[PDB]
Ligand SMILES: Nc1ncnc2c1ncn2[C@@H]1O[C@H](COP(=O)(O)OP(=O)(O)O)[C@@H](O)[C@H]1O
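Protein chains in written order, with the deposited numbering: chain A, 854 to 1095; chain B, 915 to 975; chain C, 1 to 244; chain D, 47 to 97; chain E, 40 to 234; chain F, 40 to 234; chain G, 198 to 449.
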């Protein structure tokens, strides 16, 4: 009723995540990362030493359950296993501790870009950080978009029912040329997007949105105006004449 | 299913079950009629069909 | 370009409005419209931008992470109480103990409208204080779900002022297409049923606003999608039981 | 006769204390609703009588 | 200085017209006033083409459309009667609820009990007729919409904290044997006509 | 064997109750019958604490709340009639419409017919106090929506092909028109303060 | 078996009502049971054993006899060794709880008898039978309709209108208008200062107007097409006046 159930529960969770990523790949396979490349995901497993120490302890517990000593060897083997649990619990943020007791830490993550027709991997980022600030922002913004699309889509449907997603300073490390591609990917997933942008990037979004809410503070009273880009420019012209 | 919700001390439920079991016995007595086989044989409730296609062109040929 | 623009709003519900009343720094009643082909919230830094997102994230999540944009990685600074009270912690210069904009009895309402091919679904929320107390348990809540276009946040506030919470219950009784839930747990379950998405979907949506603090694919995946579900607390219970 | 509300609360508390267990299928999303639903299953099952 | 109906009577009639029905379990006082003077109330409502339908057994007074001889039927066309005629899907639910209210009434005590049914109870009954939409969320939303339409007719209450609804006594006078027989005859003609 | 009220009178009273007013220009038949038997209609409405407000000059009948003594009860309540407080924008738009209606009445004599107005004429008036929404498109949208709400209250009609809306005669009777004047004075005074 | 006795009376109430509902000559088997003042719920199986148990329990002397003897027995030193605190306490107050439980059952039987007696009145059994029969007919017949077609599902049915409510009469005098006050002043301020960008910070505007490279690209492409000659950077600046200086050049 414990330990084994806790260990089984964690292993079950990892299985769910592997299934979720597997069923998230099919959603991304419908959208082209590059003009004709599209993107895929690989999970892999963590090889942290703490996990290997756990597997040895579990093997000892299983072997101990068959000894006829009035639950003496079974108790000892369980004692070692629980000690491992507390050790990780005390240091609740060490990489070894997290991998032991966190479902999303027992397996790695890696993105792979392929060819639409040629199935061979063309560029596999098997973790392999090795990327500029913009490149990582490109991968992350795309991966989140695919994750958001899948989450909001009702089971068995490829069109989300809750079509609004909100991004707050989404793009800051990517050039205006690569930022437009993300907006292209976001729309093609079927997600209506409401962007919160800093003073910068205002023309970055001007090519991918038709209206804007202007938030200006007037002391201790914030105000908002929903004005189309065309009506916003007219306000600027009055400013230029004011 | 509809009769299972009636509050009559299992009278409508009994009648509906009687109709169903009468259908079952009718099928059993004529154990080789197409209707009986479809009713009581797993491999008779669905048809079977073959399709030759193209290795690269997925449309049925 | 434009042809794809028409897809949105056909097979999905797209936000098309936001109304606030005494929320954060948005004193009084404000209304913001959203375009079906995308929309941008722009303005000088620290005016109202992150407040607007938080008002929407409150309507959606059970325990929204307020200000995940800048405070991502550590605990958020603001909370629901501050937004209702309209504290101005950051903004100072003569700060008289945080500039509680509304210290006395107050009522704050936030309503979001979503549309799809003429069908309107308006979420809402009424949060009010009856006194000067600022403890969490002294805030009275009334989550509202509505499909009738005539049920606007202005109407709800008008009802609250006229006859308080008693009139609100009466209004729901005779109102068509209105549902009011005094406890947010029931209201969230209604959202899941309507949009046919689990709690994870909306919790991820909230985490999408804190995407700024991102790193290698590992940290994006282990911190952004596929919510915690860790077993660090169950381990303590197992360890304590083993001690016996 | 225990008032229905008190039983719903008492049953709900017990459900939460074993949310970890897989066999019970206890859902942390809203235990109080799960507590109430469980009683109704045993009221129409004729274990207990509601009056 | 002029003929004024008793203040108790005016208040009772207005409450009757405002809510449509008066129940002893909720407003016993005004209930007795109307009961004590049925002639006076009937005279007041005659100009409006509305008549009071009394049920002393259940302690329930309700207002109904009064047709003199043959006002072209279409009682729903009365200017003061809001709402729209019940449709087939709502009628199917009304029978489902009424079949629940009859069962509760059979096992009825001597005081107020306010027949209640869990919302989850109605789902299997409805799914037989409306089919499986694909998911529980879809069917739960479908049920909530139907109950919401009925609540406008006064037949139920919005689901409470336990997801339980209350079937109001007015259902016993809507789907009563007289009206049920008329509906059954109409439905039979519909079945024959379609075939 | 009964004393059923005249069918036409019953039709009018139900018509009056549903819409709350009767106009000679619209329902000449119903309006005339009420005039012929004013005593009967007032008798019919007496038990409901209601009354018919006769206005022959404008050819308009409206129902007024005929309450009891109600000593200085400015917060009076009527079970059938629900009190509503308009918005500041709706209040101003009503106030602007109210003063213009009286001006038309003076300029053409009392009891005028079809006191119209143009949409383009109202926009500058609204822009003065409410301020600039941000563009001509927004100014029209705000004005049109406000007109929509007022039409729901029965004070104005939808706009014709010439972008003109007719002020309904009902505006003459508005319970407490003094506060309408006071708001406009407060509004004008505020703008004078700004300038 | 105190609980078992209550179940029997519940069932007896169940069976008795069914007979009243399910019998076609209600007038007969109603008066024969209403004019009478007997039990009317005489479940002679467990339920008359309870009646006998009540008679023995109500006898005085003996019941007080045990209670004294019990406490004598619970007082024995070996009794604590035999039983425990819970069992000892329960055994000590045993006679008290038996009377309370006996009282509990007796009120329940009296209640159920009164309830069933109330049901027999109001003569609603006939209506329940007719209504129960009609619903089973309608529900079984409704299976022949097509419920997947909105035309069928939205069909009007001839059910009557019961519970007509006359509410919300216009009553033009019902309308009240906003009165000058602090909120009224606040509302005026929000309407005016909304879409009032004059006080907006200057920098916001500058960041608003920046080089839109999409337009610059096509203009350049057109310029190269017209000249159709190798053009250096200096020439391009002369021909095309950059409004942002190096920003345009980086594009080129
Ligand atoms: N609940 C609150 N707690 C603290 N400050 C608040 C709160 N609501 C509003 N404010 C103030 O209003 C302004 C909100 O700035 P905001 O636009 O929302 O952040 P951001 O720069 O990310 O866009 C800040 O000056 C802040 O101090």
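The beta-carbon is built from N, C-alpha and C at its ideal position, and this holds for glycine as well.
Interface residues of chain D facing residue i [CB-CB closer than 9 angstroms]
i	result
residue 202 of chain E	79, 82 and 83
Residue i - containing alpha helix (DSSP H), residue span
i	result
residue 225 of chain E	216–233
residue 132 of chain E	127–145
residue 402 of chain G	399–405
residue 1030 of chain A	1029–1041
residue 162 of chain F	158–169
residue 998 of chain A	986–1005
Residue i: contacting residues in chain G (beta-carbon distance under 9 angstroms)
i	result
residue 916 of chain B	333, 336, 337, 339 and 340
Contact under 8 angstroms by Cβ, residue i with residue j
i	j	result
residue 102 of chain F	residue 115 of chain F	no
residue 271 of chain G	residue 289 of chain G	yes
residue 1065 of chain A	residue 391 of chain G	no
residue 54 of chain D	residue 78 of chain D	yes
residue 158 of chain F	residue 202 of chain F	yes
residue 35 of chain C	residue 1063 of chain A	yes
residue 133 of chain F	residue 371 of chain G	no
residue 68 of chain C	residue 206 of chain C	yes
residue 966 of chain A	residue 892 of chain A	yes
residue 55 of chain C	residue 23 of chain C	yes
residue 969 of chain A	residue 889 of chain A	yes
residue 1044 of chain A	residue 1050 of chain A	no
residue 198 of chain E	residue 324 of chain G	no
residue 204 of chain E	residue 156 of chain E	yes
residue 316 of chain G	residue 214 of chain G	yes
residue 53 of chain C	residue 1000 of chain A	no
residue 369 of chain G	residue 191 of chain F	no
residue 1038 of chain A	residue 1018 of chain A	no
Beta-carbon neighbours of residue i, restricted to chain B and to distances below 7 angstroms
i	result
residue 142 of chain E	921
Contact list for residue i against chain G, beta-carbon separation under 7 angstroms
i	result
residue 926 of chain B	333
Proximal residues of chain G, C-beta to C-beta of residue i below 8 angstroms
i	result
residue 149 of chain E	311, 312 and 315
residue 57 of chain E	362, 363 and 364
Chain C residues whose Cβ lies nearer than 8 angstroms to that of residue i
i	result
residue 383 of chain G	27 and 28
residue 75 of chain D	185, 189 and 199
Span of the beta strand (DSSP E), counted from its first residue to its last, around residue i
i	result
residue 120 of chain C	119–129
residue 1017 of chain A	1017–1021
residue 87 of chain F	Where residue 87 of chain F is concerned, there is no enclosing beta strand (DSSP E), given that its DSSP letter is neither H nor E.
Test: residue i CB closer than 8 angstroms to a CB of chain I
i	result
residue 329 of chain G	Absent from the structure: chain I. Protein chains present are A, B, C, D, E, F and G.
Chain B residues whose Cβ lies nearer than 9 angstroms to that of residue i
i	result
residue 215 of chain G	923
Interface residues of chain D facing residue i [CB-CB closer than 8 angstroms]
i	result
residue 887 of chain A	Residues of chain D passing the Cβ test: none, with the nearest at roughly 40 angstroms.
residue 911 of chain A	None at all; the shortest Cβ gap to chain D is about 18 angstroms.
Partner residues on chain E for residue i, Cβ-Cβ distance less than 9 angstroms
i	result
residue 86 of chain D	157, 159, 160, 201 and 203
When Cβ atoms are compared, which residues of the region 157–177 of chain E fall closer than 7 angstroms to chain B? Residues of the region 157–177 of chain E with a Cβ closer than 7 angstroms to any Cβ of chain B, in chain order: 164 and 167.
The region 196–224 of chain C: positions lying closer than 8 angstroms to chain D by Cβ: Listed by position along the chain: 199.
Output needed in chain order: residues of the region 1016–1031 of chain A with a Cβ under 8 angstroms from some Cβ in chain E. Within the region 1016–1031 of chain A, no residue qualifies.
Against chain E, which members of the region 995–1017 of chain A pass a CB distance test of less than 8 angstroms? Against chain E - using a Cβ distance shorter than 8 angstroms - the residues of the region 995–1017 of chain A are 1007, 1008 and 1009.
What residues in the region 212–225 of chain F bring their beta carbon closer than 8 angstroms to a beta carbon of chain G? Closer than 8 angstroms at the C-beta level to chain G, one finds these residues of the region 212–225 of chain F: 212, 213, 214, 215, 218, 219, 221, 222 and 225.
Interface residues of the region 102–131 of chain E facing chain C [CB-CB below 8 angstroms]: So the list is empty, because no residue satisfies the distance condition.
Relative to chain G, which residues along the region 1063–1090 of chain A have a C-beta separation below 8 angstroms, given in chain order? Taking 8 angstroms as the Cβ-Cβ cut-off against chain G, the residues of the region 1063–1090 of chain A that qualify are 1067, 1069, 1071, 1074, 1076, 1077, 1078, 1080, 1085, 1088 and 1089.
Positions along the region 46–78 of chain F whose CB lies within less than 9 angstroms of some CB in chain E: Answer set for the region 46–78 of chain F: 46, 48, 49, 50, 52, 53, 54, 56, 57 and 58.
Using Cβ-Cβ distances below 7 angstroms, what residues of the region 182–194 of chain C are close to chain D? From the region 182–194 of chain C, only 185 and 189 have a Cβ closer than 7 angstroms to chain D.
Proximal residues, the region 364–379 of chain G versus chain F, C-beta separation under 9 angstroms: Cβ contacts with chain F: 364, 365, 366, 367, 368, 369, 370, 371, 372, 373, 374, 375, 376 and 377.
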